[PDB]
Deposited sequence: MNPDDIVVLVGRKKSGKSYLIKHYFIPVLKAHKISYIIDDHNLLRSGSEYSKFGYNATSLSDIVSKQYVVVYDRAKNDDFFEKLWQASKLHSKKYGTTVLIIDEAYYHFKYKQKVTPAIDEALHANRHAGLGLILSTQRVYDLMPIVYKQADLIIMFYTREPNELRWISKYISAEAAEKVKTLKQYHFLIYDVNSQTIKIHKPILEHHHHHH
């Protein structure tokens, strides 16, 4: 993950999405001195950054958790954060609320999908089913990560918007194993569980 990449995480609850964030993305971000802002809508990430009580905290604290009209506020605050700390990763553990399939696209959502680099903000979006998010999220993504599924509608979406090969290989992943799809290079890795 480049610091201004868009990364999508896809898998049913308990498949290991938050674990990957906590144990794979966050530590590597930290090691490069890459800032992040975690937008938690379900706390679970309490120990990974300053727990914010205001928009000012989002801007000023280097590693920050936010407990979530609001997306535009969050987005504006993140842009100001990035100007202070350099490229920042905005991590959203419930992309289902702002990026939902068949929803409109505000200027801020559009910016987040098409103008990341310019705003100095990477994105990690997390979702339980592939068909929860707008197909344009899959087109705009740089890396798509998928855990096991054989739900036939999900296979169809993966095949149509991502890769027919990924749709095949997704069906055989063991627990905590995950497929990585590089949208740009069009390659596929099958990764073992994180330690």
Point to revise | Missing stretches, numbered from 1 on the deposited chain sequence and kept in order | key: 43 to 47, 74 to 78, 206 to 212
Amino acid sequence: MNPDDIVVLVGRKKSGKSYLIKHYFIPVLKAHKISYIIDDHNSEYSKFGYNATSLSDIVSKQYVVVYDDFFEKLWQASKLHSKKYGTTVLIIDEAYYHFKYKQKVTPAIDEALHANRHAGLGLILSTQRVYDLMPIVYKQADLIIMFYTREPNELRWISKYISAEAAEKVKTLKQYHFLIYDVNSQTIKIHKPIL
From here on, numbers count along this sequence of modelled residues.
Review point. In the PDB record, does 21 to 29 or 8 to 16 carry the higher mean Cα temperature factor?
Key: 21 to 29
Point to revise | Residue stretch of maximal mean CA temperature factor, 90 to 98 vs 121 to 129 | key: 90 to 98
Revision key, fill the gap. Residue 151: CA temperature factor from the record, placed by chain third, in the middle
Study note, to complete from the structure: Split the chain's modelled residues into thirds by Cα B-factor; residue 139 lands in the lowest
Review point. Mind checking which third residue 81 falls in for C-alpha B-factor across the chain?
Key: lowest
Check your understanding: Ranked by Cα temperature factor within the chain, is residue 52 in the lowest third, the middle third or the highest third?
Key -> highest
Check your understanding: So where's residue 162 on the chain's Cα temperature factor ranking, which third?
Key -> middle
